[PDB]
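File shown here: query.txt, holding compact mmCIF, C-alpha atoms.
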```txt
# COMPACT_ATOMS: atom_id res chain seq x y z
CA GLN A 1 130.23 137.72 202.22
CA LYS A 2 128.16 137.31 199.03
CA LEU A 3 124.39 137.17 199.41
CA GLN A 4 123.65 136.78 195.72
CA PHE A 5 125.50 134.07 193.88
CA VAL A 6 126.08 133.12 190.33
CA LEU A 7 125.71 129.47 189.55
CA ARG A 8 126.35 127.45 186.39
CA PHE A 9 124.13 124.50 185.39
CA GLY A 10 125.46 121.96 182.88
CA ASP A 11 123.11 120.40 180.31
CA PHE A 12 119.46 121.29 180.45
CA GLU A 13 118.49 117.81 181.79
CA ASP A 14 120.38 118.75 184.98
CA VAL A 15 118.11 121.78 185.17
CA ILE A 16 114.98 119.59 184.86
CA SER A 17 116.24 117.48 187.77
CA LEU A 18 116.89 120.74 189.65
CA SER A 19 113.54 122.22 188.57
CA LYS A 20 111.78 119.69 190.76
CA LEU A 21 113.64 121.31 193.71
CA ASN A 22 113.93 124.67 195.60
CA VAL A 23 113.48 128.39 195.15
CA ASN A 24 113.11 129.47 198.76
CA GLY A 25 112.51 133.22 198.43
CA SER A 26 115.01 133.70 195.66
CA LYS A 27 114.28 135.76 192.65
CA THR A 28 116.65 134.22 190.30
CA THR A 29 117.58 134.66 186.69
CA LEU A 30 118.59 132.03 184.26
CA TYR A 31 121.03 132.87 181.49
CA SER A 32 122.16 130.85 178.52
CA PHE A 33 125.80 131.34 177.67
CA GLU A 34 128.02 129.00 175.62
CA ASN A 35 125.45 126.14 175.63
CA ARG A 36 125.30 125.92 179.45
CA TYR A 37 122.51 127.56 181.44
CA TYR A 38 123.64 129.83 184.28
CA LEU A 39 121.33 130.40 187.15
CA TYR A 40 121.85 133.48 189.16
CA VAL A 41 120.25 133.23 192.51
CA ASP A 42 119.72 136.53 194.07
CA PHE A 43 118.67 136.13 197.57
CA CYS A 44 116.85 139.34 198.46
CA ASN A 45 118.63 139.04 201.72
CA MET A 46 119.93 136.12 203.71
CA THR A 47 122.70 136.07 206.29
CA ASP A 48 126.00 134.63 205.12
CA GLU A 49 125.41 131.31 206.95
CA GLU A 50 121.87 131.21 205.57
CA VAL A 51 122.88 132.09 202.05
CA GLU A 52 125.70 129.52 201.94
CA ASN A 53 122.99 127.17 203.32
CA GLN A 54 120.29 127.74 200.64
CA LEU A 55 123.00 127.92 198.01
CA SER A 56 124.13 124.33 198.92
CA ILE A 57 121.03 122.63 197.43
CA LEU A 58 121.16 124.74 194.25
CA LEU A 59 124.84 123.84 193.91
CA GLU A 60 123.99 120.17 194.03
CA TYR A 61 122.94 120.73 190.43
CA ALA A 62 125.09 123.77 189.88
CA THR A 63 128.66 124.78 190.56
CA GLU A 64 129.43 128.37 191.53
CA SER A 65 130.12 130.38 188.41
CA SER A 66 133.40 132.25 188.18
CA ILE A 67 131.72 134.40 185.57
CA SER A 68 130.94 137.68 187.30
CA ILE A 69 127.26 138.39 187.15
CA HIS A 70 127.48 141.39 184.77
CA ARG A 71 129.39 139.22 182.28
CA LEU A 72 126.46 136.74 182.16
CA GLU A 73 123.86 139.53 182.13
CA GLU A 74 125.60 141.21 179.14
CA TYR A 75 127.00 138.58 176.70
CA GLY A 76 124.54 135.80 177.85
CA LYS A 77 120.85 135.40 177.05
CA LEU A 78 117.77 135.53 179.28
CA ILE A 79 115.96 132.25 179.88
CA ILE A 80 113.99 133.32 182.85
CA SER A 81 113.52 136.76 184.20
CA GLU A 82 113.86 137.05 187.96
CA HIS A 83 111.74 134.22 189.30
CA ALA A 84 113.77 131.54 187.49
CA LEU A 85 113.63 128.65 189.95
CA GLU A 86 109.83 128.99 190.40
CA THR A 87 109.46 129.41 186.65
CA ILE A 88 111.81 126.63 185.49
CA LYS A 89 109.64 124.07 187.26
CA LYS A 90 106.72 125.25 185.05
CA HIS A 91 108.88 125.66 182.03
CA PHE A 92 110.48 122.24 182.61
CA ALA A 93 107.70 120.02 184.01
CA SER A 94 104.14 119.56 182.79
CA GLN B 1 153.49 170.40 176.03
CA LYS B 2 154.81 171.62 172.71
CA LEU B 3 152.70 173.94 170.64
CA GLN B 4 153.85 172.48 167.35
CA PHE B 5 153.26 169.00 166.00
CA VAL B 6 154.17 166.98 162.96
CA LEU B 7 151.51 164.72 161.48
CA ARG B 8 151.83 162.22 158.60
CA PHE B 9 149.40 161.64 155.69
CA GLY B 10 149.12 158.53 153.51
CA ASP B 11 147.80 159.01 149.95
CA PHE B 12 147.56 162.67 148.91
CA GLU B 13 143.76 162.37 148.90
CA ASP B 14 143.96 161.91 152.69
CA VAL B 15 145.71 165.34 152.97
CA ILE B 16 143.04 166.79 150.74
CA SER B 17 140.40 165.35 153.09
CA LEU B 18 142.03 167.26 156.02
CA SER B 19 142.51 170.32 153.76
CA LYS B 20 138.74 170.82 153.54
CA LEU B 21 138.80 172.20 157.17
CA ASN B 22 141.05 174.04 159.68
CA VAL B 23 144.26 176.04 159.29
CA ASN B 24 143.20 178.74 161.74
CA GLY B 25 145.81 179.34 164.42
CA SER B 26 148.10 176.97 162.59
CA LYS B 27 150.82 178.30 160.44
CA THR B 28 151.59 175.12 158.73
CA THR B 29 154.07 173.76 156.28
CA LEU B 30 153.70 170.58 154.28
CA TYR B 31 156.64 168.34 153.67
CA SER B 32 157.07 165.40 151.35
CA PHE B 33 158.67 162.15 152.54
CA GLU B 34 158.36 158.57 151.09
CA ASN B 35 155.14 159.46 149.12
CA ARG B 36 153.53 160.40 152.45
CA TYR B 37 152.95 164.07 153.01
CA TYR B 38 154.12 165.16 156.45
CA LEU B 39 152.30 168.22 157.64
CA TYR B 40 153.75 170.47 160.21
CA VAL B 41 151.19 172.33 162.14
CA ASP B 42 152.83 174.99 164.06
CA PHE B 43 150.35 176.32 166.40
CA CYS B 44 151.12 179.93 166.77
CA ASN B 45 149.07 181.90 169.22
CA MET B 46 147.90 178.84 171.22
CA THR B 47 148.32 177.35 174.70
CA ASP B 48 149.04 173.70 175.44
CA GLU B 49 145.37 172.73 176.05
CA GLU B 50 144.45 174.58 172.86
CA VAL B 51 147.11 172.70 170.96
CA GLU B 52 145.92 169.30 172.24
CA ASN B 53 142.44 170.48 171.10
CA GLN B 54 143.42 171.61 167.58
CA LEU B 55 145.87 168.73 167.14
CA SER B 56 142.96 166.27 167.52
CA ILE B 57 141.44 167.43 164.20
CA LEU B 58 144.75 167.19 162.31
CA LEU B 59 145.38 163.66 163.58
CA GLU B 60 141.88 162.70 162.78
CA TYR B 61 142.86 162.58 159.16
CA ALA B 62 146.48 161.90 159.85
CA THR B 63 148.56 159.94 162.28
CA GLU B 64 151.25 161.70 164.37
CA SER B 65 154.61 161.70 162.57
CA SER B 66 157.52 160.40 164.60
CA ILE B 67 159.95 162.60 162.71
CA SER B 68 162.27 164.73 164.83
CA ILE B 69 161.24 168.27 164.10
CA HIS B 70 164.61 169.49 162.78
CA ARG B 71 164.77 166.39 160.55
CA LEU B 72 161.34 167.22 159.04
CA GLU B 73 162.10 170.93 158.62
CA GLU B 74 165.46 170.07 156.99
CA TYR B 75 165.33 166.87 154.91
CA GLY B 76 161.66 167.29 153.87
CA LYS B 77 160.43 168.91 150.71
CA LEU B 78 158.06 171.85 150.95
CA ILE B 79 154.88 171.47 149.13
CA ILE B 80 153.47 174.45 150.77
CA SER B 81 155.34 176.83 152.96
CA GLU B 82 153.02 179.67 154.17
CA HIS B 83 149.71 178.34 155.53
CA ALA B 84 149.97 174.85 154.09
CA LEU B 85 146.46 173.72 154.90
CA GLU B 86 144.76 176.81 153.30
CA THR B 87 146.93 176.11 150.28
CA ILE B 88 146.33 172.34 149.95
CA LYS B 89 142.61 172.96 149.58
CA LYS B 90 143.25 175.33 146.65
CA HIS B 91 145.90 173.28 145.07
CA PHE B 92 144.05 170.02 145.43
CA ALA B 93 140.28 169.86 145.65
CA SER B 94 139.12 172.39 143.08
CA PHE C 1 137.59 144.80 160.41
CA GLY C 2 136.43 141.40 159.08
CA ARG C 3 135.44 140.03 162.48
CA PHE C 4 133.84 141.94 165.29
CA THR C 5 131.02 141.70 167.76
CA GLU C 6 128.12 144.12 167.27
CA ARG C 7 129.39 146.37 170.09
CA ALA C 8 132.76 147.01 168.36
CA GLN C 9 131.26 147.50 164.85
CA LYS C 10 128.56 149.67 166.47
CA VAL C 11 131.02 152.14 168.12
CA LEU C 12 132.79 152.32 164.75
CA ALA C 13 129.64 153.08 162.72
CA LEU C 14 128.64 155.55 165.47
CA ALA C 15 131.83 157.37 164.48
CA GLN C 16 130.32 157.76 160.96
CA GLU C 17 127.19 159.16 162.67
CA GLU C 18 129.58 161.74 164.10
CA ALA C 19 131.08 162.17 160.57
CA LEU C 20 128.10 164.04 159.33
CA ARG C 21 126.71 165.21 162.72
CA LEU C 22 129.91 167.05 163.56
CA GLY C 23 130.99 167.37 160.04
CA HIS C 24 134.27 165.55 160.52
CA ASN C 25 134.50 164.67 156.89
CA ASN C 26 136.47 161.58 157.63
CA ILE C 27 135.95 160.33 161.13
CA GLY C 28 138.83 160.29 163.49
CA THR C 29 139.31 158.39 166.65
CA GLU C 30 137.31 161.06 168.58
CA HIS C 31 134.23 159.80 166.89
CA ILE C 32 135.16 156.21 167.74
CA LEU C 33 135.48 157.42 171.37
CA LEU C 34 132.14 159.09 171.12
CA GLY C 35 130.89 155.81 169.74
CA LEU C 36 131.92 153.98 172.87
CA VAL C 37 130.24 156.27 175.30
CA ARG C 38 127.19 156.73 173.08
CA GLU C 39 126.23 153.10 173.03
CA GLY C 40 125.66 153.46 176.76
CA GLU C 41 125.80 149.91 178.06
CA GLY C 42 128.77 148.60 176.08
CA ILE C 43 131.62 147.65 178.42
CA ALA C 44 133.59 150.52 176.86
CA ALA C 45 130.59 152.79 177.06
CA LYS C 46 130.07 151.93 180.69
CA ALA C 47 133.75 152.33 181.44
CA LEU C 48 134.02 155.94 180.16
CA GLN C 49 130.80 156.70 182.03
CA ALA C 50 132.45 155.38 185.24
CA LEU C 51 135.37 157.77 184.86
CA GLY C 52 132.65 160.44 184.46
CA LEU C 53 132.83 160.80 180.70
CA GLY C 54 129.27 160.48 179.57
CA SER C 55 128.17 160.92 175.98
CA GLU C 56 127.95 164.62 176.82
CA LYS C 57 131.48 165.07 178.13
CA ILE C 58 133.05 163.40 175.13
CA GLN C 59 130.73 165.04 172.59
CA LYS C 60 131.47 168.50 174.04
CA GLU C 61 135.18 168.11 173.18
CA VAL C 62 134.26 166.44 169.89
CA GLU C 63 131.97 169.43 169.08
CA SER C 64 134.99 171.63 169.91
CA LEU C 65 136.72 169.95 166.94
CA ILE C 66 134.72 170.33 163.74
CA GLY C 67 131.55 171.00 165.66
CA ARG C 68 128.75 170.54 163.13
CA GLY C 69 130.61 171.15 160.78
CA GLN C 70 131.25 170.05 157.18
CA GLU C 71 127.95 168.12 157.11
CA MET C 72 128.78 167.28 153.50
CA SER C 73 131.41 165.27 155.25
CA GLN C 74 133.55 164.47 152.19
CA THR C 75 134.57 160.82 152.20
CA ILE C 76 132.26 159.66 155.02
CA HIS C 77 134.66 156.87 155.73
CA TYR C 78 137.22 156.15 158.37
CA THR C 79 140.55 157.84 158.74
CA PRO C 80 143.98 156.21 159.09
CA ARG C 81 143.69 157.11 162.78
CA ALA C 82 140.29 155.52 163.29
CA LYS C 83 141.17 152.44 161.15
CA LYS C 84 144.24 151.94 163.27
CA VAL C 85 142.17 152.30 166.50
CA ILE C 86 139.85 149.59 165.20
CA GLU C 87 142.84 147.34 164.49
CA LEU C 88 144.11 148.10 167.97
CA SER C 89 140.83 146.97 169.50
CA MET C 90 141.39 143.67 167.66
CA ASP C 91 144.69 143.36 169.51
CA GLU C 92 143.05 144.61 172.71
CA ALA C 93 140.61 141.74 172.35
CA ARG C 94 143.22 139.13 171.58
CA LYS C 95 144.62 140.56 174.83
CA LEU C 96 141.33 140.37 176.73
CA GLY C 97 140.01 137.05 175.41
CA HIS C 98 137.37 138.08 172.88
CA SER C 99 137.72 136.65 169.34
CA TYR C 100 134.90 138.69 167.87
CA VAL C 101 135.90 141.95 169.37
CA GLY C 102 133.61 144.09 171.52
CA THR C 103 133.13 147.67 172.70
CA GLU C 104 135.58 147.37 175.46
CA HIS C 105 138.55 146.57 173.36
CA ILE C 106 137.81 149.65 171.28
CA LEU C 107 138.09 151.86 174.40
CA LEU C 108 141.22 149.88 175.18
CA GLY C 109 142.28 150.50 171.54
CA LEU C 110 141.89 154.26 172.09
CA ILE C 111 144.31 154.15 175.05
CA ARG C 112 146.75 152.13 172.89
CA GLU C 113 146.50 154.94 170.32
CA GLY C 114 147.45 157.59 172.92
CA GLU C 115 148.37 160.41 170.46
CA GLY C 116 145.10 159.68 168.57
CA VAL C 117 142.02 161.80 168.28
CA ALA C 118 140.13 159.98 171.04
CA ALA C 119 143.19 160.05 173.25
CA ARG C 120 143.71 163.84 172.87
CA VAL C 121 139.95 164.38 173.42
CA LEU C 122 140.40 162.43 176.66
CA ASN C 123 143.59 164.35 177.61
CA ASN C 124 141.54 167.57 177.21
CA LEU C 125 138.65 166.14 179.19
CA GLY C 126 141.18 165.20 181.89
CA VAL C 127 140.89 161.36 182.20
CA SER C 128 144.24 159.60 182.00
CA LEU C 129 144.58 157.09 179.22
CA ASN C 130 145.44 154.18 181.51
CA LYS C 131 142.62 154.77 184.05
CA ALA C 132 140.26 154.63 181.09
CA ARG C 133 141.66 151.29 179.88
CA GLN C 134 141.65 150.15 183.51
CA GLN C 135 137.93 150.55 183.90
CA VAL C 136 137.30 148.49 180.73
CA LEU C 137 139.80 145.72 181.71
CA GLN C 138 138.16 145.17 185.13
CA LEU C 139 134.86 144.29 183.39
CA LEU C 140 136.36 141.50 181.27
CA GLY C 141 138.08 138.17 181.92
CA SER C 142 137.75 135.89 184.98
CA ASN C 143 135.36 133.44 183.35
CA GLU C 144 134.77 129.73 182.77
CA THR C 145 132.06 129.04 180.26
CA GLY C 146 131.23 126.21 177.88
CA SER C 147 131.48 124.17 181.05
CA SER C 148 130.19 124.00 184.59
CA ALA C 149 133.10 122.10 186.12
CA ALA C 150 135.53 119.42 184.87
CA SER D 1 122.42 90.43 170.81
CA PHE D 2 123.05 94.08 171.45
CA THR D 3 123.36 95.17 167.84
CA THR D 4 121.26 98.10 169.10
CA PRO D 5 118.74 96.85 171.64
CA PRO D 6 115.31 97.44 170.07
CA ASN D 7 116.87 99.92 167.58
CA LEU D 8 115.91 102.66 170.08
CA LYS D 9 118.80 104.64 168.69
CA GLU D 10 115.80 106.24 166.87
CA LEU D 11 114.50 107.21 170.29
CA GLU D 12 117.77 109.09 171.02
CA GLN D 13 117.39 110.99 167.68
CA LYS D 14 113.97 112.24 168.80
CA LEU D 15 115.25 113.08 172.32
CA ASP D 16 117.75 115.40 170.56
CA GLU D 17 115.13 117.24 168.39
CA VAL D 18 113.26 117.76 171.63
CA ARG D 19 116.27 119.14 173.58
CA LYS D 20 116.54 121.83 170.88
CA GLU D 21 112.77 122.72 170.81
CA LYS D 22 112.72 122.44 174.63
CA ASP D 23 116.06 124.32 175.05
CA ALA D 24 115.31 127.19 172.66
CA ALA D 25 111.84 127.37 174.22
CA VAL D 26 113.20 127.78 177.76
CA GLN D 27 115.31 130.69 176.49
CA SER D 28 112.37 132.57 175.06
CA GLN D 29 109.77 131.60 177.63
CA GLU D 30 107.59 130.02 175.99
CA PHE D 31 106.82 128.78 179.45
CA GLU D 32 104.49 125.89 178.71
CA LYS D 33 106.16 125.73 175.31
CA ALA D 34 109.34 124.68 177.07
CA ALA D 35 107.55 122.73 179.76
CA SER D 36 105.82 120.31 177.39
CA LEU D 37 108.93 120.08 175.23
CA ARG D 38 110.87 119.19 178.34
CA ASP D 39 108.29 116.60 179.30
CA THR D 40 108.53 115.14 175.77
CA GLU D 41 112.31 115.13 176.24
CA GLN D 42 112.64 113.23 179.56
CA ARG D 43 109.78 110.95 178.41
CA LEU D 44 112.03 109.97 175.50
CA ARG D 45 115.18 109.85 177.63
CA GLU D 46 114.06 107.01 179.96
CA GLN D 47 112.38 105.27 176.95
CA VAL D 48 115.76 105.02 175.19
CA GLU D 49 117.54 103.46 178.19
CA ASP D 50 114.87 100.87 179.00
CA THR D 51 114.89 99.40 175.49
```
I need this file expressed as structure tokens, please.
Amino acid sequence: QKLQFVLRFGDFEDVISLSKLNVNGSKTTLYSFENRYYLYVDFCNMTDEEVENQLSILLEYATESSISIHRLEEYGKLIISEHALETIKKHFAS
Amino acid sequence: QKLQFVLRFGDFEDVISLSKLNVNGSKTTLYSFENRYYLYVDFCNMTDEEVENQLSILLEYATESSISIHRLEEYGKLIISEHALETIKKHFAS
Amino acid sequence: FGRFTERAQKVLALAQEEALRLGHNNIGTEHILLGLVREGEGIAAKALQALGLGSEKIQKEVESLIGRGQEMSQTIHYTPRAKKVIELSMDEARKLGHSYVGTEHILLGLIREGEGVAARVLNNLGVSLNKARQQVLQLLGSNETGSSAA
Amino acid sequence: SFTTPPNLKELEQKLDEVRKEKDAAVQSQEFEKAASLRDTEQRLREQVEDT
């Protein structure tokens, strides 16, 4: 099963709320695409149980994007390059 | 795959544009039909692959006429018999 | 024409690049095809490159046409073939859910235009017209954006 | 009574202008330039609702 997941965040304020929560060894990339911010968590490796696990918390603020990751990566826009969770807490707090 | 194709030109100046290159290996005869010039390339001394090749160029300036070949050959009006392409460049460009 | 994403417009203008560079005085569909594969990371570009048709493979056939060429390139404009292919991409983007039409649709548009210059280029370089459109198709659609849920 | 509670509709207007600055900043990164814009945003946000 998937070990890198593509998540959609709603309005940016949802992302702030989120920002104050988790990364957990996930380089992660944050796209902007039709007003909503997608967050692509890319777990370097996790087991399926473990990835579904981690992915739970993220998906308290996100939903799991139906937009295949190369669709985001192409016609989207970078917000944070591959350390997005870590970075968004900076870049959305203090 | 047939070694002879019938391609259709819009305004005469389009035919002229084609005329400025290639007639080699193509005996070719240029018909007149509804102010479009149909151009019959008749690849003589070619193989199927070679015809698909050549035919590219022709249909770069044209589109591929849907006229049944004995319909063209009959109810058309010759503009140039002989090597039509060689001739169009003379008779329209200089 | 009149609406188009960069990627579409870009493959089209890249055809004009081929106009003088290959000397195709007016640029056929082959140059549009070349355009797709020569922008590299367009969904069309990528698609042809999947099937194995890199910029090279296409351009080799293309060079076997007018081949650099009438570099004067009299009327360095589109052809009725290429203008149709562009129009076809528009329909191939209506089809694929892109209002401002992208690269992909143009490769799709080639397929559509299967007696066209691109198409014959592709039929000389092997690659079946529907496998080529296939590759593009499978990199579009299946989305939900402007939203996160409902 | 509630013909706009403290007229902090003006608050909301600011909170918007922020969102933009903030938003656009997060996209460029503009790390601390999104950060502080964010902070100015949620600062505002709560401020609206209380008044």
Give as a PyMOL selection string the set of residues within 7 Å of the point (131.0, 159.5, 173.3), where distances use the file's coordinates and all atoms listed in the file.
chain C and resi 33-38+54-56+58-59
What does the Cα RMSD come to when chain B is optimally superposed on chain A over every C-alpha atom in order?
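The root-mean-square deviation of C-alpha positions is 0.9 Å.
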Using only C-alpha atoms, which protein or nucleic acid residues come within 9 Å of residue 122 of chain C? Drop anything in the same chain fewer than 5 positions from it, and give the result as an NGL selection string.
:C and (30 or 33 or 53 or 58 or 61 or 117 or 127-129 or 132)
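Distances from C:11, C:22, C:111, C:93 to residue 63 of chain C were compared using only C-alpha atoms, and the smallest one belongs to C:22.
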Counting only C-alpha atoms, note down every residue that has an atom within 7 Å of the point (124.1, 123.9, 182.1) (file coordinates), as an mmCIF file with C-alpha atoms, in the frame of the given file.
```cif
data_model
loop_
_atom_site.group_PDB
_atom_site.id
_atom_site.type_symbol
_atom_site.label_atom_id
_atom_site.label_comp_id
_atom_site.auth_asym_id
_atom_site.auth_seq_id
_atom_site.Cartn_x
_atom_site.Cartn_y
_atom_site.Cartn_z
ATOM 1 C CA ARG A 8 126.350 127.450 186.390
ATOM 2 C CA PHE A 9 124.130 124.500 185.390
ATOM 3 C CA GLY A 10 125.460 121.960 182.880
ATOM 4 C CA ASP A 11 123.110 120.400 180.310
ATOM 5 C CA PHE A 12 119.460 121.290 180.450
ATOM 6 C CA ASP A 14 120.380 118.750 184.980
ATOM 7 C CA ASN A 35 125.450 126.140 175.630
ATOM 8 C CA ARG A 36 125.300 125.920 179.450
ATOM 9 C CA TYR A 37 122.510 127.560 181.440
ATOM 10 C CA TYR A 38 123.640 129.830 184.280
ATOM 11 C CA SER C 148 130.190 124.000 184.590
#
```
Box in all listed atoms of segment 78-88 of chain C, axis-aligned, with 4 Å more on each side; write out centre and edge lengths in Å to one decimal as AutoDock Vina command-line options.
```
--center_x 140.7 --center_y 152.6 --center_z 163.2 --size_x 15.0 --size_y 18.5 --size_z 17.6
```
What are the residues of chain A lining chain C at 12 Å or less? Count all atoms listed in the file, and put the answer as a compact mmCIF listing (two decimals) with C-alpha atoms, in the coordinates of the input.
```txt
# COMPACT_ATOMS: atom_id res chain seq x y z
CA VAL A 6 126.08 133.12 190.33
CA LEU A 7 125.71 129.47 189.55
CA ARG A 8 126.35 127.45 186.39
CA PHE A 9 124.13 124.50 185.39
CA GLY A 10 125.46 121.96 182.88
CA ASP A 11 123.11 120.40 180.31
CA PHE A 12 119.46 121.29 180.45
CA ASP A 14 120.38 118.75 184.98
CA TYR A 31 121.03 132.87 181.49
CA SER A 32 122.16 130.85 178.52
CA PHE A 33 125.80 131.34 177.67
CA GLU A 34 128.02 129.00 175.62
CA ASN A 35 125.45 126.14 175.63
CA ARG A 36 125.30 125.92 179.45
CA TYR A 37 122.51 127.56 181.44
CA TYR A 38 123.64 129.83 184.28
CA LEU A 39 121.33 130.40 187.15
CA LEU A 59 124.84 123.84 193.91
CA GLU A 60 123.99 120.17 194.03
CA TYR A 61 122.94 120.73 190.43
CA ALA A 62 125.09 123.77 189.88
CA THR A 63 128.66 124.78 190.56
CA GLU A 64 129.43 128.37 191.53
CA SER A 65 130.12 130.38 188.41
CA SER A 66 133.40 132.25 188.18
CA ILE A 67 131.72 134.40 185.57
CA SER A 68 130.94 137.68 187.30
CA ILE A 69 127.26 138.39 187.15
CA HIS A 70 127.48 141.39 184.77
CA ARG A 71 129.39 139.22 182.28
CA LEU A 72 126.46 136.74 182.16
CA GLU A 73 123.86 139.53 182.13
CA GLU A 74 125.60 141.21 179.14
CA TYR A 75 127.00 138.58 176.70
CA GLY A 76 124.54 135.80 177.85
```
Do me a favour and pick out the residues of chain A within 8 Å of chain D, using only C-alpha atoms, as a ChimeraX atom specification.
/A:12-13,16,31-32,77-80,87-94
For a test of reading the model, state the distance in Å between atom CA of residue 16 of chain C and atom CA of residue 51 of chain C, rounded to one decimal.
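Atom CA of residue 51 of chain C lies 24.4 Å from atom CA of residue 16 of chain C.
Note that atom CA of residue 97 of chain C and atom CA of residue 28 of chain A are 27.8 Å apart.
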Can you measure atom CA of residue 5 of chain A to atom CA of residue 51 of chain A for me? One decimal in Å is fine.
8.8 Å
Go through C:72, C:50, C:96, C:32 one by one, measure the shortest atom-to-atom distance of each to residue 20 of chain B using all atoms listed in the file, and give the residue with the smallest value.
C:72
